[PDB]
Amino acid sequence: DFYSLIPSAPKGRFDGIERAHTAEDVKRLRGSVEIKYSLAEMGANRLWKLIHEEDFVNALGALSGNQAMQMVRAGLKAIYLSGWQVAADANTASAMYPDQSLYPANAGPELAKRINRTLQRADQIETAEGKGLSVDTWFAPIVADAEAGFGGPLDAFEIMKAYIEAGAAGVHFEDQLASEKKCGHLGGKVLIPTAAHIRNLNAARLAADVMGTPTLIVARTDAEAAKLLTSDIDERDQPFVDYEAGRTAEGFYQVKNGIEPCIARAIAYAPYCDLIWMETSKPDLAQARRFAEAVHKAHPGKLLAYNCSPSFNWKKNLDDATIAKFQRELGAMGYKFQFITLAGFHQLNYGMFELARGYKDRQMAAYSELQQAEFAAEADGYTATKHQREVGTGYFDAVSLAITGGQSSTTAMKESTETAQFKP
């Protein structure tokens, strides 16, 4: 069966999960040798534990390894990897793009590798200091964006494998047309048929199976706002097609949007994913409850995911008490993975704009204020004021000393200004 093919999968991991392929297909397609993907195994099993043990798992979108390291240091238990942020400031074309699948398909997995490598160094630093870790683990699970798979089922298969090699714990795929892909909160989205998205989800599961990892799959539907559909071939989509409207010049069908096609698609996708996610136009607890209840009528207890999107104007949509309870209330509905997709972008850009403005106005006064804020945050667990230790200078000092039997004349920390000027 499939548990034999995925040895690290915990008991019950695939309860309720259907597959288009067989276990014999997996053995036929996985090659003749066992290659381990340790960070993917550990991350997927830790993510599986967390979303079932916590009241909910909340995360922020990280655009760099350092951002992810501070998220874990502050006590967050998972990391979100946003394709929007990859497009904006962290992709393999070295360009700034809007969120339209314009960057090359390897960019997401390359960012996941960067994040895991930073977490790996943070763990090496603390392990070498010999006083225990300052966190439960540095290897918080990464839930990562595979957009619409960058093409067809074989493209979804490849990006899933790439994320697994990079050490991602879960990967999400959405029912948009890859050639017209959009941020969930932009106009002009085009859906693919329900069956076509199920093929991408099955492609992602086959990839995890042939890699031997229990990687989580998140199915996302964009049907709340999308008014276009590539094809009406699937009888499940036809009730929503406005036939009197005719097709667009591109050949797209026009559909009725809203929660109703999201519920239908979510229920159809449920056997083929581990969590379900519906993009929404507004942060709306009542709408979130309606979606959860409808999904759970067909699929009791199904795990759900919710994008707490910065594309919403929060204090305009909601009062303060609702903002404060929002994630707790979603958690009780069954949204066990909640994430702020663009948080890293907004933090990075705001923080540097304000520092640069203060620097232009007051020069070193502005920077000393940041440094003093850093000092004040050390009581709350912040450590990066001592930047030489933070990036591993002490760790590599210890590597050098082990190589040289203690005798190297060129170690870094002893006579550093960090040691001299940042003493506790």
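Note that residue numbering follows the sequence shown and begins at 1.
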request  = Read off the CA B-factors in the entry, average them over 244-252 and over 162-170, and name the higher stretch.
outcome  = 244-252
ask   = Which of the two stretches, 372-380 or 66-74, shows the higher mean Cα temperature factor in the record?
value = 372-380
ask   = Of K316, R199, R114, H346, which one's C-alpha B factor is largest in the deposited record?
value = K316
key: Residue with highest C-alpha B-factor in the PDB entry, from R362, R389, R30, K36   = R362
Third of the chain, ranked by Cα B-factor, where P109 sits = lowest
message = Please say which third, lowest, middle or highest, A294 falls into when its CA temperature factor is compared across its chain.
response = highest
note = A270: CA B-factor among chain residues, third -> middle
query = Thinking about Cα B factors across the chain, which third does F312 belong to?
reply = highest
query = In terms of the CA temperature factor given in the entry, to which third of its chain does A366 belong: lowest, middle or highest?
reply = highest
